[PDB]
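Below you'll find the structure, written out as structure tokens, and then a few comments.
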Amino acid sequence: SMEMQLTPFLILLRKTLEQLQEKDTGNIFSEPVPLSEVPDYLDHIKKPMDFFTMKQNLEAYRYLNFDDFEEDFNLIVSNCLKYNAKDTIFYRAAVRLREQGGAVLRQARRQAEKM
Ligand SMILES: Oc1cccc2ncccc12
């Protein structure tokens, strides 16, 4: 809205990002998928995403509404479901992050709406 302030919103996004990273207990989404180990990754995945990149986007003022932030989170999840077979831990880790992280995201968006 007209009066919504930037700094409390960024503080909220930082806290939310930390809470989401806590759900990724193996830290498999902490840094970009290592393209040197996965040379076919970009054949399947058009926009890689990870929590370090999200932190850099946050601090570069690229996230100005909650959708901007949640869309990149959803890329982390959807890219991982798309690339990895269902019988892998990586696939299940994306399911777990979607489920547990969705709860973090709903409460955070509610706080943003009060701003
Ligand atoms: O190394 C990784 C971490 C998280 C997700 C991945 N998805 C495909 C290939 C490698 C991955």
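Simple scheme: letters A, B, ... for chains in structure tokens order, numbers from 1 for residues in each chain, numbers from 1 for ligands in the order shown.
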
Surrounding residues of residue A:27 excluding itself and chain neighbours under 4 positions, 12 Å, only C-alpha atoms, as a PyMOL selection string: chain A and resi 18+20-23+31-33+50-52+90+93-94+97

As a quick test: using only C-alpha atoms and all ligand atoms, which residues lie no more than 6 Å away from ligand 1? Give them as a compact mmCIF listing (two decimals) with C-alpha atoms, in the first residue's frame.
# COMPACT_ATOMS: atom_id res chain seq x y z
CA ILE A 28 20.81 -29.31 -0.37
CA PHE A 29 19.21 -26.02 -1.49
CA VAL A 33 22.90 -26.88 -8.08
CA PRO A 34 26.51 -27.59 -9.12
CA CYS A 80 13.98 -30.25 -7.74
CA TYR A 83 14.84 -32.90 -12.27
CA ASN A 84 15.00 -35.75 -9.74

For a quick check of understanding, using only C-alpha atoms, which of A:12, A:81, A:115, A:6 has the smallest distance to residue A:44?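 Comparing A:12, A:81, A:115, A:6 against residue A:44, the winner is A:81.
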
Counting only C-alpha atoms, closest pick from A:2, A:89, A:75, A:108 relative to residue A:54 is A:75

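Taking atom CA of residue A:40 and atom CA of residue A:85 as the two end points, the separation is 14.4 Å.
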